[PDB]
Amino acid sequence: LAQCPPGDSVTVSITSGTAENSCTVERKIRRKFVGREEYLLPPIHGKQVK
Amino acid sequence: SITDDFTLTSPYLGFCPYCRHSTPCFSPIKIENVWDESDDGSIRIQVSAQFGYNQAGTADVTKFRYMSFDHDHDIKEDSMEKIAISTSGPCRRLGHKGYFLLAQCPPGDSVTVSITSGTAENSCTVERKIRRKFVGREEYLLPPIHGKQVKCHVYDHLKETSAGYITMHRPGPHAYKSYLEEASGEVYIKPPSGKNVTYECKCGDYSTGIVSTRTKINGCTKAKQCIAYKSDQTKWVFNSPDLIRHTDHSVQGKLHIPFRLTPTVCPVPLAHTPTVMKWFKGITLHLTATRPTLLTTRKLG
Amino acid sequence: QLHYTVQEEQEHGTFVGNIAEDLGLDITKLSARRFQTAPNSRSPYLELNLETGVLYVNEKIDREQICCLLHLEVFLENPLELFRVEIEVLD
Amino acid sequence: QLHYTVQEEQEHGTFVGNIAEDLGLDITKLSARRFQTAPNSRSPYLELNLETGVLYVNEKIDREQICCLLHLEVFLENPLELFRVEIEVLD
Amino acid sequence: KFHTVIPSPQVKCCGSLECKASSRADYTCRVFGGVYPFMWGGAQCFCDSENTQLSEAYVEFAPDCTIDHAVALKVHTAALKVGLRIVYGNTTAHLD
Amino acid sequence: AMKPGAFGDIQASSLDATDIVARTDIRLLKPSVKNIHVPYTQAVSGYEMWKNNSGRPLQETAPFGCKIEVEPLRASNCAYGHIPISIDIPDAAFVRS
Amino acid sequence: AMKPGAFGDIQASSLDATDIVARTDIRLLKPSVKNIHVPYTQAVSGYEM
Ligand SMILES: *[C@@H]1O[C@H](CO)[C@@H](O)[C@H](O)[C@H]1NC(C)=O
Ligand SMILES: *[C@@H]1O[C@H](CO)[C@@H](O)[C@H](O)[C@H]1NC(C)=O
Ligand SMILES: *[C@@H]1O[C@H](CO)[C@@H](O)[C@H](O)[C@H]1NC(C)=O
């Protein structure tokens, strides 16, 4: 379970092991919203909706 | 009466809306203002911590001072190379002075200032829309090697130059709840390491006192009906929205805003010369431009 | 926005802080308002009683695995509210 | 581009370089043309005299060498021109 | 471009607060009762739920207005002044 | 006569003047969470809004093909009319027939 | 009959021929800065267009 920036692919890799390998798949993920106003980051003062 | 003596000033804890764990938190590095008015893409950032100064307050490059998270709140120092600035990728740091950074950043929708590794490793992110800027009438990703050298305005990299000032005030109470100790039906003021602490209680009436050791409060049964905070805190703090003001909120001092916007010369591209075809009462211009280039025509009548 | 402290290597089930008392919430209506730990902020070293609203040490605290602060979030219904708790660990 | 050498740990105020002589500019015209350092490229170790156009040591040369070379920029008006000066540090 | 100054909030622990008129640019003021402010350290007042908060807000000039600013002008009837070169016979005179 | 979100929303006699007047549409909101921030909403900067859609300057939109210059404000080299000119030629310039 | 910015702006009988002919609108400019580079502007490749 990860928190990822928007992108058009998903990559899982082993950075420095003996295996030293990566796997990349095509997956379109974008930013998701809760309300009727766009926001890059959740604001301090809000409405606290479900 | 703008002063440069930072021994009279102290950093503070702000309320950052986006921390390392993606939720607002109290942070020693809180982004107050971001200015992007220079023509070379450099930005000036106001941070709740002070850079270029040591723990005591003297001028010391490669040291920055900040506010600790402990209950006996004091001012700590750390080395400067772990201060990182980013918008979408890493940002080059062009200069630093107390409360202020000057950086060169790629375009992005947010501004992040982080303390990387060590103790107090954290970050602060603010929604700030900055974009690539231009000087002339031709777009360019990079400054051209052969151009026109037109006048533009950039932020001065010298920290001695000043763009204005910020007001500095005496700090208000902070009211740490760890100074309070609940006992079997009574409360005690518990100052840390003998530092003097003022308490205001509403036991059955408003009572104010100053103690230096652990002191019983006679009328109060719960810790939530009284508060206590450190006394003798004569260190000027910037007028920030995340701090309760003192009873006397007069302007105690002024601090320079470094990296003033200064005129200079800077090159702009010269586009390809168009081919002109003439026909009776008209011309045809054959236009070639890799980047968007502005063309203007007007009649002389 | 809540400030709490714990000691280094503290025993399981020991007192940390009374969330319901510090927020001024009534004690007899935690279950009616659905007091619950926020799923975004889950701490393996901390656990809170739903009935009493008292935070407790769940697993034994270790700075080497942690390092710093411990972050937790609670949410309440009717009305929908969110609260944040931050814990400092001594050495 | 106009690069030239400076010794390690050179004293403050020692002669370092001559911008005006290498560019064919006289003292009076550069005084009239506002011969100033460009605000982008500035170094704390070097300063120019505003009327003679001579770079000299401001702060003593040390080993961190910013990143490596020393870079400086100057600009003039009527006509608007920008000039770059590069400085080698002999360790 | 204006710079919006939000001063440090005033908090008075269960005692009424009100704010007076100010000569500051676009001074907007509002007082909120029944607050319970928190900072890093714990609660900020000794009083349960009658605490009041006074919030201030105004605007001033941005630090970079010394360069990026606009000037508004009302202009009247314009007068034309010309530079003339007059050659009479074989004598040349330049004038305005 | 300031208007929120338009040009001239903040005005002063000079940049260093203390008698600044503005009518930006600023309003203070009740604090939702129990921190010590001040929540507020404001209209956009009318100066920035004017910069976004200022159109073209008079250096590009001016009749008779003459160029606008500042300090002082003027329009130089305009070719639009006819000027009657009277010259009192000195008699030393003339020669006999 | 070469034309700048259009197809056939450069022509030859073969890819290895030395009798290459072209009419790409090359404009050599006066060097502005005090260096040795050759500043020039050119029409876009008509083959790419
Ligand atoms: C704290 O304040 C008290 C007020 O009576 C003063 O006497 C004392 O010197 C101060 N300083 C300490 C205890 O360090
Ligand atoms: C004008 O011309 C006459 C005859 O050609 C000559 O004698 C005289 O010197 C000239 N005057 C001037 C001012 O050049
Ligand atoms: C205003 O600015 C936005 C983004 O800054 C831009 O997309 C837009 O074209 C501008 N003009 C108008 C008339 O909206």
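The sequence lines fix the lettering, A, B, ..., with proteins before strands; numbering per chain opens at 1.
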Rounded to the nearest 0.5 Å, the CG atom of B/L102 sits from the CD1 atom of B/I45 at a distance of 8.5 Å
Are B/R65 and B/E77 close enough for a salt bridge, meaning some N to O gap below 4.0 Å?
-> no
State whether a side-chain donor-acceptor pair under 3.5 Å links B/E127 with B/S110.
-> no
Tightest non-hydrogen contact, residues E/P9 and B/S240, listed as CD-O, 4.3 Å
Which residue pairs satisfy the salt bridge (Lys or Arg N to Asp or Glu O under 4.0 Å) criterion with at least one member in residues 89-104 of chain B, sequence neighbours excluded?
-> B/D4-B/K97
Min side-chain heavy-atom separation D/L46-D/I87 under 4.5 Å | yes
Check for a donor-acceptor pair, side chain of C/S43 on one end and backbone N or O of C/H71 on the other, with a separation under 3.5 Å.
-> yes
For side-chain contact (heavy atoms from CB on, under 4.5 Å), just list the numbers for D/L69 and D/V89, CA-CA rounded to whole Å, side-chain angles, deciding distance to a tenth of an Å, and then say yes or no.
-> CA-CA 7 Å; D/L69 279 187; D/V89 176; over 6 Å; no
With no hydrogens and no angle check, is any side-chain donor or acceptor of B/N239 less than 3.5 Å from a backbone partner on E/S8?
-> yes
Where the side chain of F/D9 meets the backbone of F/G46, is there a donor-acceptor pair that is under 3.5 Å apart?
-> yes
Applied to residues 20-29 of chain B, the salt bridge (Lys or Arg N to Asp or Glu O under 4.0 Å) test, sequence neighbours excluded, yields none
Determine yes or no for a side-chain-to-main-chain donor-acceptor pair under 3.5 angstrom, with B/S48 supplying the side chain and B/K30 the backbone.
-> yes
Hey, does the side chain of B/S27 reach the backbone of B/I29 with a donor-acceptor pair shorter than 3.5 angstrom?
-> yes
Do B/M80 and B/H96 touch side chain to side chain, with heavy atoms closer than 4.5 Å?
-> yes
Output yes when F/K51 and E/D68 qualify as a salt bridge under the 4.0 Å nitrogen-oxygen rule, no when they do not.
-> yes
Pair B/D109 + B/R128: basic N to acidic O under 4.0 Å | no
Residue pair B/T87 / B/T112, side-chain heavy-atom distance below 4.5 Å = no
Is atom CZ of B/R291 surrounded by more than 12 heavy atoms (other residues, nucleotides or ligands) closer than 6.0 Å?
-> yes
Would you please test B/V47 and B/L101 for side-chain contact (heavy atoms from CB on, under 4.5 Å) and show each step?
-> CA-CA 8 Å; B/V47 178; B/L101 296 156; 3.8 Å; yes
Heavy atoms, side chains only, cut-off 4.5 Å: are B/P258 and B/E160 in contact?
-> no
Is the distance between the ring centroids of B/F26 and B/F15 under 6.0 Å?
-> yes
Sorted by first residue and then second, give each disulfide bond (SG atoms under 2.5 Å apart) pair with at least one member in residues 92-147 of chain B; sequence neighbours left out.
-> B/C16-B/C124, B/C91-B/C105
For B/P24 and B/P17, work out which heavy atoms get closest and say how close.
-> CG-O, 3.3 Å
B/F51 ring center within less than 6.0 Å of B/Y53 ring center | no
For C/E86 and C/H3, does a side-chain donor sit closer than 3.5 Å to a side-chain acceptor?
-> no
Rounded to the nearest 0.5 angstrom, the CG-CG distance for D/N40 and B/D40 is 4.5 Å
Closest heavy-atom pair and its distance - B/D70, C/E88 = CA-OE1, 3.7 Å
List the steps and the verdict of side-chain contact (heavy atoms from CB on, under 4.5 Å) for B/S38 and B/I43.
-> CA-CA 7 Å; B/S38 86; B/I43 63 177; over 6 Å; no
How long is the span from the OH atom in E/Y58 to the CZ atom in E/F2, to the nearest 0.5 Å?
-> 14.5 Å
Between the CD1 atom in B/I257 and the OH atom in B/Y99, the distance rounded to the nearest 0.5 Å is 12.5 Å
Listing, residues 31-46 of chain A side-chain donor-acceptor contacts under 3.5 Å, not counting sequence neighbours, or none:
residue	atom	partner	partner atom	Å
A/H45	ND1	F/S32	OG	3.3

Examine distances only and state if a side-chain atom of B/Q46 and a backbone atom of B/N33 form a donor-acceptor pair shorter than 3.5 Å.
-> no
Is the number of heavy atoms from other residues, nucleotides or ligands under 6.0 Å of C/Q65 CD greater than 12?
-> no
Do B/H272 and B/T288 meet the criterion of a side-chain donor-acceptor pair at a distance under 3.5 Å?
-> no
Are any of the side-chain heavy atoms of C/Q1 and F/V33 separated by less than 4.5 Å?
-> yes
Using 4.0 Å as the upper bound for N to carboxylate O, is an ion pair formed by E/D64 and E/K1?
-> no
Checking side-chain contact (heavy atoms from CB on, under 4.5 Å) for the pair B/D78/B/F64: CA distance, chi angles, key distance, verdict?
-> CA-CA 6 Å; B/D78 207 319; B/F64 77 99; 3.6 Å; yes
Ignoring hydrogens and angles, write down the donor-acceptor pairs under 3.5 Å from the side chains of residues 259-268 of chain B, residues two or more places apart or on other chains.
residue	atom	partner	partner atom	Å
B/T262	OG1	B/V154	O	3.1

Would you say the side-chain atoms of F/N35 pair up with the backbone N or O of F/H37, donor to acceptor, closer than 3.5 Å?
-> no
Does some side-chain heavy atom of D/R42 sit less than 4.5 Å from a side-chain heavy atom of B/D156?
-> yes
Considering all heavy atoms, the nearest F/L28-E/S55 contact = CD1-O, 3.4 Å
Under 3.5 Å donor-acceptor, E/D26 side chain and F/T24 backbone = yes
Any side-chain heavy atom of B/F100 sitting closer than 4.5 Å to one from B/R44?
-> yes
When rounded to the nearest 0.5 angstrom, what distance separates NE2 in B/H153 from CD in B/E37?
-> 11.5 Å
Atom of B/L243, atom of F/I36 and distance for their closest heavy-atom approach = N-CG2, 4.2 Å
Is the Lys NZ or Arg CZ of B/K76 less than 6.0 Å from the centre of B/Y66's six-membered ring, within 45° of the axis?
-> no
For B/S114, which residues count as a side-chain hydrogen bond (donor to acceptor under 3.5 Å, both in side chains) partner, sequence neighbours excluded?
-> none
Distance col, row B/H21:NE2 vs C/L70:CG, nearest 0.5 angstrom, shows 10.5 Å
Got a donor-acceptor contact below 3.5 angstrom from the C/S41 side chain to the C/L72 backbone?
-> no
List the steps, then state whether side-chain hydrogen bond (donor to acceptor under 3.5 Å, both in side chains) holds for C/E73 with B/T23.
-> CA-CA 10 Å; C/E73 293 177 350; B/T23 299; 3.0 Å; yes
Does any N or O in the side chain of B/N54 come within less than 3.5 Å of the main-chain N or O of B/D60, such that one atom is a donor and the other an acceptor?
-> no
Heavy-atom count around F/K34 NZ within 6.0 Å, excluding the residue itself: above 12?
-> yes
Is any side-chain heavy atom of D/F75 closer than 4.5 Å to a side-chain heavy atom of D/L80?
-> no
Looking at E/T66 and E/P63, what are the two nearest heavy atoms and their distance?
-> CG2-O, 4.0 Å
